[PDB]
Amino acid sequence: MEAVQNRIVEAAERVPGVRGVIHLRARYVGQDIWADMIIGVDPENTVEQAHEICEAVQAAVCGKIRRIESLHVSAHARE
């Protein structure tokens, strides 16, 4: 699991507009991972931009870690 969490954080951090991973909770449901995360974003990004960054994180993380079958990504102002 720690190897999986490290991969999730690394994948998320490589997406344009991510200012770190604030929170990540991952759980196994069988052999699948279900995860919930919060990313940091520029406080001056629009809410629509933050939504786009979250969607990009979801695509990036699910594309790179095939065992993830549910991923929720939300955003919070940081830096």
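Numbering starts at 1 and runs along the sequence shown.
Note to self: Quick check: 2 to 10 versus 68 to 76, which has the larger average CA B-factor in the record?
What the structure shows: That would be 2 to 10.
Item checked: Ranked against its chain, the third holding the CA B-factor of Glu52 -> According to the entry, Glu52 has a C-alpha B-factor in the chain's middle third.
Notebook entry, point to check: Going by the entry, which third of its chain does the Cα temperature factor of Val29 land in?
Noted result: Tercile = highest for this residue's CA B-factor.
Next item on the list: Please rank the C-alpha B-factors of the chain's modelled residues and tell me whether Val61 sits in the lowest, middle or highest third.
Entry: Tercile = middle for this residue's CA B-factor.
Item checked: Assigned third (lowest, middle, highest) for the C-alpha B factor of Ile22 -> It belongs to the lowest third of the chain when residues are ordered by C-alpha B-factor.
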